[PDB]
Amino acid sequence: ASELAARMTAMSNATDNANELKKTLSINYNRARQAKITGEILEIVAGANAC
Amino acid sequence: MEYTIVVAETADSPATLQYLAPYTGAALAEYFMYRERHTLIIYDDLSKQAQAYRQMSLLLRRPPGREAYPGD
Amino acid sequence: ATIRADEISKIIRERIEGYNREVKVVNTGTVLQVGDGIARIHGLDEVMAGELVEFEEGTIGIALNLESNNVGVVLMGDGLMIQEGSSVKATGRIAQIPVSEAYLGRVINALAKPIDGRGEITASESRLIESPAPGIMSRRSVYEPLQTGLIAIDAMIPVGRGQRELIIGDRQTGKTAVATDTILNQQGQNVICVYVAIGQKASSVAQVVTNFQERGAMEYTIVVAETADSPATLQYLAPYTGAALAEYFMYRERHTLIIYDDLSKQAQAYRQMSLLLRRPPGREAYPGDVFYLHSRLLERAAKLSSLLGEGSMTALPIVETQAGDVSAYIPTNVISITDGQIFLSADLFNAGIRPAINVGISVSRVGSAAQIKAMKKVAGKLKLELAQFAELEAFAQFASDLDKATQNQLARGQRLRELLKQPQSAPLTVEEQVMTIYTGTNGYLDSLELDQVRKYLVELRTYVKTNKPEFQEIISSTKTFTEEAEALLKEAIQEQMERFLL
Amino acid sequence: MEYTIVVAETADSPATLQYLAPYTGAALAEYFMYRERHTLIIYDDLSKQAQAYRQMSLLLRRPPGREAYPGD
Amino acid sequence: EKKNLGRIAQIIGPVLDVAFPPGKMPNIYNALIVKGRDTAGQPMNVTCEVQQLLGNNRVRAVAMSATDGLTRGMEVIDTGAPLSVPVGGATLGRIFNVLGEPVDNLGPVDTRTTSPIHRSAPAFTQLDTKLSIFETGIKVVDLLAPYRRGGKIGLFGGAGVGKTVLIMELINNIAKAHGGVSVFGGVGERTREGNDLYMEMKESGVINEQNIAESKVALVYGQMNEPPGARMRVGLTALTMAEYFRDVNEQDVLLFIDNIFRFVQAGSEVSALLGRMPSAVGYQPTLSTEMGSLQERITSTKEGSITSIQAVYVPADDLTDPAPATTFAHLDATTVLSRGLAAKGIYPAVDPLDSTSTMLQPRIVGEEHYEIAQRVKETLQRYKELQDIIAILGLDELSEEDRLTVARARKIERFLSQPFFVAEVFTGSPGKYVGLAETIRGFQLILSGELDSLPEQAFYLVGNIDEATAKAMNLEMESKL
Amino acid sequence: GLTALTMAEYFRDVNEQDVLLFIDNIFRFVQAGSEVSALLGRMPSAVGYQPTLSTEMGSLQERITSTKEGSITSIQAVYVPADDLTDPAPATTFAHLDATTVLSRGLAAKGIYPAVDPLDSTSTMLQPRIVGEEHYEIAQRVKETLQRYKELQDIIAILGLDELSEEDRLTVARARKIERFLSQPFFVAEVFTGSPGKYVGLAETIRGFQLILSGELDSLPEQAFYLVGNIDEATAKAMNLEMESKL
Amino acid sequence: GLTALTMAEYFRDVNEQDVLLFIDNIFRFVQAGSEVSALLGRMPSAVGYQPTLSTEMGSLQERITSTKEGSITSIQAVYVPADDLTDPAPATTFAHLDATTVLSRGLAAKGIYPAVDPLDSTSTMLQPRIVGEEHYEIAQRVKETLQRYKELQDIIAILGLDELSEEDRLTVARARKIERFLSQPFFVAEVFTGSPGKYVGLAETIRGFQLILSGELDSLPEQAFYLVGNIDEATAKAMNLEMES
Ligand SMILES: Nc1ncnc2c1ncn2[C@@H]1O[C@H](COP(=O)(O)OP(=O)(O)OP(=O)(O)O)[C@@H](O)[C@H]1O
C-alpha cells in the first residue's frame, strides 16, 4: 500500500506538472505560430512590390 | 460509373482550368439538383484548387494575404 | 513614385498655367488623396516640418512628412467628411496645444477639445507636443516617495515621483483598478494627475471618470480619454497630448502623475497608422518605430532638478500583455523604456489576490532610495519575509518535514500574503500602511486565522488613528517610524486585540 | 604559414568585398589546383558572405526571397 | 443624393474602382450603387461602399454583391449617405441582407425611417454611469456569471451544442420580462444554419408567420455567398438596426452577432483586397479600430441599453492571436457552452465553472450575490476535483464532511438546468422564467444546507426553489406507489 | 528535368520500350524556378517559391505516364527542404507521386539505413488485390507495430521502459526488431557500412518479417537483426554475436 | 556610437592610453539604423532592420581594435529584442564580439543576480596558454556540470527529482550549488536590494569552485551560496544560517 501510494503521488505530481508543461508549451507554440505566420506575410508583402 | 460525372482536371491543365473545375462540377450538379434529382458533388483537393487560384491571382497582380493566398 | 500624388489633372493645370510666372501659393493648398487618415496637399510650401495644418470642416492635421510637392499630413480627426479639392491652411504654430490650469477636472479628446461638452476650456497655449525631453543635467535622482496606496506596491516595489514605472499585466486582471488606486490615493498631497486612457471601451472610461467624480479626485485629475472607437491617429496622439498637458504642470514646479492606459493599444494604433502608410514593419508587424515612439512618450516623464524647479512626473504606463508573455514585442519594448516593472500576474488575480502584484518578478529599479526613512527598514524585512515564504510555499515541505514549516515561517507568510490584498479602490494612507506592514513583519500577529486577517485589520485601522493620534503625528511630521512609535503602536494593537477578543 | 594564403576580409569592408572574398580565395586555390598541388580552401563564416550579398542585392532593389535573402 | 455619374474603371475581384467628375466625390464609407446589368438581361444594381479614396477623383469601393459581369464604365450613382438600412418597427421579423432588402421574399419593408450604417460613437455625456447587470432569464447566467446590461457577452461554445435554443430562450425572455426586443445579426451566417435558425424561430413563436411587426427578432443575415464587403458590413447593419431601436423606443435591445472572428475574417479579406499591408498574423492593419467601431456602439446609453451577445470562434484555440485578443479586450462576460454538458442533458449546456464575467464582483452585483456565487463556484470546483475520486472510492467511503459537498454539488448542477420557453416544442415542458432574486434565495437554501434530503432529480429541469420542493414532494407522494 | 523528359518521351513514343528515367533532387527544378521567378516580376508565393509552383511541377511530372506505347517508370528524389514536410515544393509532389518513400532524418539518427520511415513511406500499390493478400496482411501488421512503437515512444522516453504493459513490451521488442531488420546493406553503400552489399528479393524478406513479428524467433539479440540481408543471415549473426559475447 | 568611438579613438591612437568605452545598448544603434533606412528609401531586410545591419555595425565594431599604440577594452551591452538570440541584430553582434555573455531572463526570474547564463557565456580567451591550465580545467568542469543539469532539466520536468539515481542526484545538487554561487550582491545594485557589494577576485572564486566541485562542501544547503561572495564567507553564512535556524 505504501509503495503504490508513493507511485500514486508520483503520478499526481507528474500529471499536474505535465499540465503546467502543456500550458507553457502551448503558450510557446502559440507565440511561435504567430511569429512564423507574421514573418511569412512580411516576406510575401515586402517581396510583392520590389520598387 | 453509370451516374457519376467525373470532372477530371489533370495537373498540367493551366491554373484557370484547375481553378474552374469545382465550379464546372457545381454547375452540373446544380442543374441536376434543380431538376428534382438529389446529387452529391465530391470535390478533390480544395488545397490544390485554392493553390491554383493563388497561382493565377499572384500572376494577375492581385495583393496577397495570409499564406500568400489572395484576398478572395 | 511613378504615380506621384501631385499629378492630378486639375492640380497640374495650376502649375501648367504658369511655368516661371507670378509667385507661388504661400499658405493655400488643395487637399488630395485624403484616404486612410493621411491627407496629402499640393503646394502649401510655408509649412514647417511638424506644422499644424487645418481643413475646411475644422479638423486638425499634423504635417509630418512633406515630400517634394505633396506636403503629406496626418489629419488627427476622422478623415471621413473631407472631400478632395478642399482648401487647407497652415497656422504657423509648430504642433501646439492650448493648456492651462483650467483643465483640472475636464475630459479632453486628445486635441485639447473637451469631450464632456460642459464648457469650452480656455488657456494660454505655451506648449508644444514634440518638445525636447528634459536634459541630463535638468534631471535629479528620485528621492521623494509616492503614496501609491496599494500595500504590495508601495511596500516592496516602490514608485518614486519622477520614476516611470509600467504596470504590466494581462487582460481582465486589474491595472486600471491599480492605476485608479494610485490616482485616488493622491487625494491629500497635491499632484495634478493626468489619466490618459488610450485603449478603453468607452463604458470603462465613463465608469472610471464617474468613480473619480464621486470619490473626489476630480478636483485635480485630468482624464484625457480616447475611445477604442477613435481614429487611429487620435489613439496615437492622445498619450503625447497627455504628456504635454501634464508637462505644463511639471515645468511650473508642481508634482504630477500621468498614467498612460493600455500603452499596448497605443502602439497598436501606431502600427495601424504606419501599415496604412505601408512603411515596412518588423517583429509582430510593428513598424519598428515603436521604440522611438515610447521614447518621446516615456522619457519626458521624470523629476526636474531644483534649477527648473523641483517638479516631477511619474509615468505609470500600462502595457497590456495580451499573450501573458513578458517576451512579446511591445511589452519587452516598454520594459526596456521604463525604470522597472510592476507585474500584475493573471493566475494570481484568478486565484484571489486582488492587487495581483507578485513581488517575485515585479521589481522597481529606483529601489529603496525612493521609499520613506520610516518604511524602509520594515519594508526590507517584509520583502525578505516574502522571499522566505515564497520559497517554502513554491517548494517542498508538503510532508511534515525536517524543518517542519507552518511552525516557523509558512503560517506568517500566508498571513502576510493574504494581508497584501487590498479592497477594491480603497487606498491606505501612509501611516496606515506602515503599521499594516509592521504588523505581519516582525511576527506580532501569527496565531489569528489566515481567513480574515483583512477583516481584523479593517478594525485595527479604524481603531488605531482614533485611539492614538500620536502615531499619525509621528509619521506625518517626522516621517520616521520611531522606537517610540513602535511602543505606542504595540500598546494600541494590544488594546485592539482586547477589543477583538471581546 | 609559409604555405597558407589567408584571404582576410574585415567587417568594415564594403559588402562587395565580403562577397568577393570567397571567390578570390577559390580562384587563388584554382590556380594551385591546376598546378597539381592538393590545395585546401577553408571559408570562415560563409553565413557572412551570403549576408553581405543580401546587403548588396537588397541595396540594388533586386527582390528578396525566403528569410529576406536575395534570389540566387 | 444626385446623379454623380461615374465610370467603373478598375474591377479587381470584388473591388471595383470607380471614377467621378472632379467636383463631387462621395466621402469615405459613402454608399454608391452601380446601375449594373445582369448577363441574363436584368438591370440588377449591386451596391457598393467607398472604402478608400485614391486621389485622382477615383474612389476604390468594395461591392455588397457579386461583380461577375460588371461592365467597365457602367453608370455608378452616389447616394450621398452611407447604406440606408430600413430601420423601424417595420424591420421586426423579416430577414435582411446588408443593404436591407428582405430576402425571405415575404414583402417590401417600409423605408419611412432610415439611419445610415455609419453613425458615430456616443459620447460620455450620452453613455450611462451605473453598471447595472442584465437579468437575462437563465439561472446559470444570472447567478454564476451575469451578463452586463449595455456590455458585451461571449458564447465560446460550438454549434449544435445548444447555441440556437439558448439564443431563442434569450429572445423570448427579453420580449417577455423587459420591454426589450432582439436583433439577431448573424455575420457570415452559413445559409443552411441561417435557414435552420429562421425555421426554429418561426416554430418557437419567437417570430410569427402570421404576425410581423409584432415579432421579437430583426434578422440581419450576412450570407457567405456575398462578397467580403457584405459579410463585414452586416455587423454594422445589425448595430444600427438595433441602435435605432434603443434610441427611438428606449428599450433593452439585444444584438446577436455570429462569430466576431468571422467578421474579423471578412475584414481581413476586404483589406487584403484593398492591398493595404497586412499586420500581424494576417488580420487587417485597422483591426482594433474596425472592430472597435463595431463593438463600441454597443453601450448602455441614457435612452436604453443595447446589450449584445457575440459568438467568438478562436482559431486553433488560442486567446493570444490578435483577433480574439482585441475581442477579449472588449468582452465583459464570457460563457462557454460545454459539449459534455450538452451530451449529459443539463440544458442549457453553459459550463458553470469556466464561464466568467467581469460583472460578478461584489460592488456590482451585491455582497450576497458575490458571496453565494463564489461559494457555488468553489463547490463546483470541489465536485470537479472529487469526480476523479468518487470513481474509485465511492460517496460513502470518503469523508461525510464533503460527501455533503458532493451531494450539494449534484443539487446545484441539477438546479442550474432550466426548462426554457423554447424547449416546449421539443418536449412539452412548459418552461419557467427565473429572476435573480429567486435563484439567489434558492441557491442560498441549497448551498447553506436546508435541502440536504431532497432527491437530486427533484432539482433537475425546474425553475424556482419552491417549484423544486413541489417536485420533491410530488415524488414523495408517488413514493407510496 | 525537361531535357531528361524529352529523352524519355522519345523512348516512349518511338522505341515503344519501357524506359526507366531517374530524376534526383527534383526540388531543384522548383528552386531554380523560384530564383528566376522572383526576378521575372512574378510576385512571390508562399514561403518563397514561384507562384506557378503547381503548374510547373505538374508540367514536369505529368508527362511521365504509361501511354499505351510503353511505360515510363520514374523515381524522383524530392528534397524535402530542412525536413519541412509541409513545404509546397514537396507538398505538390506528394499529389503527383504514386509510391512515396519519405526518408526521415530521425531514423538515420540511430543509424538505420536506409532511413525510410516505415510509417510514412506509403504506396498506391499496397492494396490487397494488387499486391497479394499475404503481402498486404504482413505490411499491415508491420506498419501497425511501428505505429504502436511511435505511440509508446513518449511512455518509453519518460516513465521508464518497464512501466508500460507486458504485452505492449512484447510489441515494443517486436517493433525494435522490425525497425532494425528493415535495414539493407547496399552494394553502392558498402563504402559507408564496411559490410558487403546483400541483395534480397521480396519473397525472402516477406518470409523473414513473418517469423520476426510472429514472436516465434523473438529471442535473438537486437544487433543480430540490424544491417542484415536476410532472416537466415540474422540467425547466423545471432550465433556469431553470442559466441563473441562470452568470448 | 560613432562619436563615442571617435572620442575613445583619439585617446587610444594619439595619446596612447588604455581607453575603455562602455557603449550601452549598441542594439539601439542598429534599431536607429532600422528607423532611418526604413525612412531613407532603402529596401527592407531581415525581420525589420536595414539592409546594412552587418556593415554599419561592422563599421562600429571594427574600429574598436587594439592597435599597436593602445588597446580599447570596450564593453557593449547589446540588447537582444524579444529574448531570442537568433535575431539578426544581435546575431551580427555575436560574430564580432569575443567575450560574449548572454544574460538570460531565466536566472533573473529565479532571482539569481547577475543573470549571466553559465552555458551560453563563452569567450575566445578560455584557452590553455591564455589563462593557465587550472582555470581552464575548472571552467570546463563547471560548464560540464551546468550542461548536464540543463540536459536533464527535461527529466526534472514532468517526473520528480527523486526519479534520478545517485550520481544524477549528486550532480544536480552540485549544479544547484554552483548555479546559486554564480550570484553576487553587486557593488552598484545596493540601491535595489541585497547586501553591500563583495569584490571577488579570480584567485578567490577559483578556490571556491575547486571546493564545490571537489564535493567537500556537501554539508551545506543551497541557500548558503546564494548572494554571497567568497566561499569562506559562504561557509560563514551557512554557519550563521544554522545558528539562526
Ligand atoms: N483589486 C481588485 N479587487 C476587486 N475587484 C477588482 C480588482 N481589480 C479589478 N477588479 C475588477 O475588475 C474590473 C475592472 O477590470 P480590470 O481593471 O481588472 O482590467 P482592465 O484594466 O479593465 O482591463 P484592460 O487592461 O484591458 O483595460 C472591475 O469590475 C473590478 O470589479
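Quick note: numbers on chain C are straight from Swiss-Prot, i.e. 2-503, in order.
Per the header of the entry, the method used was electron microscopy, 4.2 Å.
Including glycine, each Cβ sits where the backbone N, Cα and C put it.
Record features (Swiss-Prot):
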- C:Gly170, C:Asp171, C:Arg172, C:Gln173, C:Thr174, C:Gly175, C:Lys176, C:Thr177: ATP binding site (BINDING)
- C:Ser363: site 'Required for activity' (SITE)
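Annotated features taken from Swiss-Prot, shown on the structure.
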residue	record	Cβ within 10 Å
C:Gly170	ATP binding site	26
C:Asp171	ATP binding site	21
C:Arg172	ATP binding site	20
C:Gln173	ATP binding site	18
C:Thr174	ATP binding site	20
C:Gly175	ATP binding site	24
C:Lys176	ATP binding site	26
C:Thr177	ATP binding site	22
C:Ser363	site 'Required for activity'	21
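Listed in sequence order, the binding-site residues among C:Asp171, C:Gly175, C:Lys176, C:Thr177 whose CB lies under 6 angstroms from an atom of ligand 1 come out as C:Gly175, C:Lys176, C:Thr177.
Distance noted between the C-alpha atoms of C:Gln173 (ATP binding site) and C:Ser363 (site 'Required for activity') is 18 Å. In sequence order, C:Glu321, C:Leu345, C:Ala347, C:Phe350, C:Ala357 are the residues of the same chain, not among C:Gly170, C:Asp171, C:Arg172, C:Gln173, C:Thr174, C:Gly175, C:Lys176, C:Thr177, whose CB sits within 8 A of the CB centroid for the ATP site. Geometry remark: C:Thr177 (ATP binding site) versus C:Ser363 (site 'Required for activity'), CA distance 17 Å. Applying an under-8 Å Cβ distance to chain E, the recorded positions C:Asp171, C:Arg172, C:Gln173, C:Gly175, C:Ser363 reduce to C:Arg172, C:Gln173. The CA atom of C:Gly175 (ATP binding site) is located 15 Å away from the CA atom of C:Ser363 (site 'Required for activity').
Put simply, C:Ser363 (site 'Required for activity') is 17 Å from C:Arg172 (ATP binding site) when counted between their Cα atoms. Cα of C:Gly170 (ATP binding site) to Cα of C:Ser363 (site 'Required for activity'): a distance of 10 Å.
Separation of the C-alpha atoms of C:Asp171 (ATP binding site) and C:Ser363 (site 'Required for activity'): 14 Å, rounded to the nearest whole number. A Cα-Cα distance of 15 Å separates C:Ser363 (site 'Required for activity') from C:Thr174 (ATP binding site).
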